[PDB]
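**Q** sequence first, structure after, both from an experimental entry:
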Amino acid sequence: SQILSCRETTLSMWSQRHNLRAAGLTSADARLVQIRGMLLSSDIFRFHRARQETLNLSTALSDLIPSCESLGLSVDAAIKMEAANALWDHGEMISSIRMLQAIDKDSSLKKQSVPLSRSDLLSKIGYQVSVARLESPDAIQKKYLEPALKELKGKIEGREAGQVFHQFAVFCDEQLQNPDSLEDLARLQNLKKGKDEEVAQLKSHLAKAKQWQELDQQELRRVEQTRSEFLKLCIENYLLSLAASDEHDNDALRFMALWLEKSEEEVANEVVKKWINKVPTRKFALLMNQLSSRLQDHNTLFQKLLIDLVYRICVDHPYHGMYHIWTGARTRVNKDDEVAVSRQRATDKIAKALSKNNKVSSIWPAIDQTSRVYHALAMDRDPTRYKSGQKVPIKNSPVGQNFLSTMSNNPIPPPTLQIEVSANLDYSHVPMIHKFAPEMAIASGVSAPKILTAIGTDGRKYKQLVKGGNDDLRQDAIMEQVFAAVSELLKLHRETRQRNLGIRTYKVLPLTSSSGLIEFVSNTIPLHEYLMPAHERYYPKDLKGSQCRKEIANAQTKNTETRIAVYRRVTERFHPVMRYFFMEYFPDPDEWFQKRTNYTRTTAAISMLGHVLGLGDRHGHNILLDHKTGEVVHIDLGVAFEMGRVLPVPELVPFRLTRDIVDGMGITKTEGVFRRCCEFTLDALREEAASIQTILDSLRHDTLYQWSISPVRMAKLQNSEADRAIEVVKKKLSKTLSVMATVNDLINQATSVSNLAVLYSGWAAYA
Ligand SMILES: Nc1ncnc2c1ncn2[C@@H]1O[C@H](COP(=O)(O)OP(=O)(O)OP(O)(O)=S)[C@@H](O)[C@H]1O
Ligand SMILES: [Mg+2]
């Protein structure tokens, strides 16, 4: 505000003082720059939601119109549009609409400086008239949206056309999913059914009955034809908006859901056939879990479009599609006939075509051979050759030496390195695997997870878990992708973006239905592995972690009164020590404070986002403490959507807020940074409930995502389902209660002793 106010004084004084200016700078030039600077200062002030400063600017701009008309300037339209924006941002919807309509009626938007296209004005009126319900959605399309597309004059590229096409597609989409229109179609459908049943009873009575029946049919044809036109315009404009600009890129997720719902309706497939080849494939690159799950060999038109799109994605962005094709052709999910012929065979045909073309031919074989040795190394468990906790050189097994040789002959980027999508299609700047460190660690389990290290070409170390056995990493990979998408939504609001509220991601890469390649997050330490030694180092007279766990597990088959009494007796001899994490890794006070502040913000963000998505299984081994930045990282995100309160001893807390987590906050225990960041996160989440619905809808058309926790993992954890889950998520984002009251309720039930006392003992709540 300080810089922008001083810049306003500067530009006005310079426009007033004629003797200070240079020779060839007339007063029209100084005025025009001044106006442009004011317009620039109004966009910035609108983002910050500073109402009084947009009001000041738009008033001071409107006062410059008389002086500007005498200098020979035509700046009425842009200045009146700035006034209309100030009105609309203060709540005057009708006054803003009337003002924009006046600009459009009597003004010459062509012959005037500070240009103003007529199609962005028309679409602006159309949007504001739809929000205010000022006209029926059949006149909005006839007066404002179709004239806009006609003013584009055949231009189908740029941000102007991008705005117009997204405007029109969102409009038509909104007209399809209309509760009134769906009720009317249902009413006409029941009418048709009942009248046909009545005609079936009787077979001038029949004559009039069948005349009424025919008129019902004509009405129903009219309604369905209206809905079909809306569908064509919706899909076509979504595709044209993706091909024009990059402002609207979650239109790829919405087009994809809309197209997989109408896979049979041949009119959608014709429109998609016509317009699909103009979208850059970098828009669909992150949707390969949903695209490769619908692959089938059926010879329809939907499949001839879907296979060609998947093929082009894997050719343009191979490190984003190749592993999905390999997994699809090397993961025999079952020998039984449960459609996977079509999925498993079609992926095999794409793989065969990939190893035939010139762009990707030094890349597919590399990924082929390397994945084969990674999977072989994963599956190889020997209790003698691999002892849990040791550090074995990977040259003594035959698997290890075949792995080393194969990886030396075939250079690829590290499989667990997160590669950003390249608009120019250049993946040469990506570090390849140079060599492997000679040894590999081993963790405790049955099928020993082995931690490899890879030294890349740029000289960095990429550690990896090579996880084998009887787990499902596709659950964890899908949920990691959903959490990353929602955290990307948080960047669009001023309060969460000012605080960098978001989550830390990692990379899960499923190779087969029994193995995968997890990224070992660089310089973290599990929360339980810090807290259990620290509790005995700082309080040598307290109980140990194992004595608390056993004491809590013994009273697991008793009445809630005895469980709560045992829990109070434990935690009276167990004091939190999480505050020492910030005093021994960061002894400098101005680093200590920034690290402690980052921990609170990263904890608050994942607490609210993990409540909205039902995230469970938040014990100490799934939470990592990054001791370079202080932030927390949540891994193992597969038990979501409330699958955790179905377990034998349910997890009935919204998130993890035990006494340690809270102790690592400070001396204002949960008030202050934690409570304010919970409220900013939850406030920005329930203003993006449409986008979160889109993301979960894309999840609904994923054949392979399981919405219940299979007893295999349910026994590994404690020693329509889509419609219910998405409905619960949708009612956690309801604006009925305020954010302050919602957060107060969550923090009450997350720290309650009667809730923490009846949790599973492996969920270390005493800690
Ligand atoms: N991506 C990762 N980055 C860093 N550390 C990880 C990562 N994945 C797992 N770990 C840690 O490495 C170990 C992996 O163990 P897991 O098999 O996930 O669970 P566990 O603690 O070994 O036993 P359970 O089944 O979780 S009770 C734990 O100490 C985790 O904290
Ligand atoms: Mg784990």
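**A** Nice, I can see it. Numbers count the residues shown, from 1 in each chain. Ligands and ions are numbered 1, 2, ... in the order given.
**Q** switch to C-alpha atoms for all contacts and neighbour counts from now on
**A** Fine.
**Q** in the stretch 551-700 of the chain, which residue sits closest to ligand 1?
**A** Distances between the stretch 551-700 of the chain and ligand 1 by C-alpha to the nearest ligand atom are smallest at residue 621, namely 4.4 Å.
**Q** which residues touch that residue?
**A** Going by C-alpha atoms under 8 Å, 6 or more residues apart in numbering, residue 621 touches 526-528.
**Q** I'd like these as CSV, with neighbour count and secondary structure appended.
**A** Below are these laid out as CSV (neighbours: other C-alpha atoms under 10 Å; DSSP: H, G, I helix; E, B strand; the rest coil):
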residue, neighbour count, secondary structure
526, 17, strand
527, 21, helix
528, 19, helix
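**Q** filter these by proximity to ligand 1?
**A** On the criterion C-alpha under 6 Å from any ligand atom, residue 526 are the entries of the contacts of residue 621 that sit beside ligand 1.
**Q** looking at the contacts of residue 621, which is nearest ligand 1?
**A** Closest to ligand 1, out of all of the contacts of residue 621 and judged by C-alpha to the nearest ligand atom, is residue 526, at 4.6 Å.
**Q** quick one: the strands in this protein?
**A** 391-393, 433-436, 439-442, 450-456, 461-468, 510-512, 515-519, 524-526, 623-626, 632-634 (DSSP state E).
**Q** need those strands in JSON lines with distance to residue 287, can you?
**A** Listed next are the strands of the chain as JSON lines, based on distance: least, C-alpha to C-alpha, whole Å:
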{"stretch": "strand 391-393", "distance to residue 287": "38"}
{"stretch": "strand 433-436", "distance to residue 287": "26"}
{"stretch": "strand 439-442", "distance to residue 287": "33"}
{"stretch": "strand 450-456", "distance to residue 287": "28"}
{"stretch": "strand 461-468", "distance to residue 287": "24"}
{"stretch": "strand 510-512", "distance to residue 287": "15"}
{"stretch": "strand 515-519", "distance to residue 287": "19"}
{"stretch": "strand 524-526", "distance to residue 287": "29"}
{"stretch": "strand 623-626", "distance to residue 287": "27"}
{"stretch": "strand 632-634", "distance to residue 287": "23"}
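**Q** so which of those is nearest residue 46?
**A** Minimum separation from residue 46 across the strands of the chain (C-alpha to C-alpha) falls at strand 632-634, 33.6 Å.
**Q** which residues in the stretch 201-350 of the chain form helices?
**A** For the stretch 201-350 of the chain, the helices defined by DSSP state H, counting those that start in this stretch occupy 205-242, 251-261, 266-275, 288-291, 301-316, 318-330, 340-354.
**Q** pick the most deeply packed of those helices.
**A** Stretch with highest mean neighbour count among the helices of the stretch 201-350 of the chain: helix 318-330 (a mean of 22; mean count of other C-alpha atoms under 10 Å).
**Q** not counting its own residues, what contacts that helix?
**A** With contacts defined as C-alpha under 8 Å, 6+ apart, helix 318-330 is touched by 285-286, 288-289, 292, 310, 313-314, 343-345, 347-348, 350-351, 360, 363-364, 367-368, 419, 510-512.
**Q** give me the angle between it and helix 301-316.
**A** Helix 318-330 and helix 301-316 are oriented at 130 degrees to each other (axes from the mean of the first three to the mean of the last three C-alpha atoms, to 10 degrees).
**Q** quick one, what contacts residue 8?
**A** When contacts are counted by C-alpha under 8 Å, 6+ apart, residue 8 is found next to 34, 37-38.
**Q** also near ligand 1: which of these, exactly?
**A** Contacts with ligand 1 are made by none of the contacts of residue 8, judged by C-alpha under 6 Å from any ligand atom.
**Q** among the residues you listed, which lie within helices?
**A** Residues of these located in helices (DSSP state H): 34, 37-38.
**Q** and residue 744, how many neighbours does it have?
**A** For residue 744, the neighbour count with other C-alpha atoms under 10 Å is 15.
**Q** could we number from 23 for the rest of this?
**A** Renumbered: residue one is now 23, and that last one reads residue 766.
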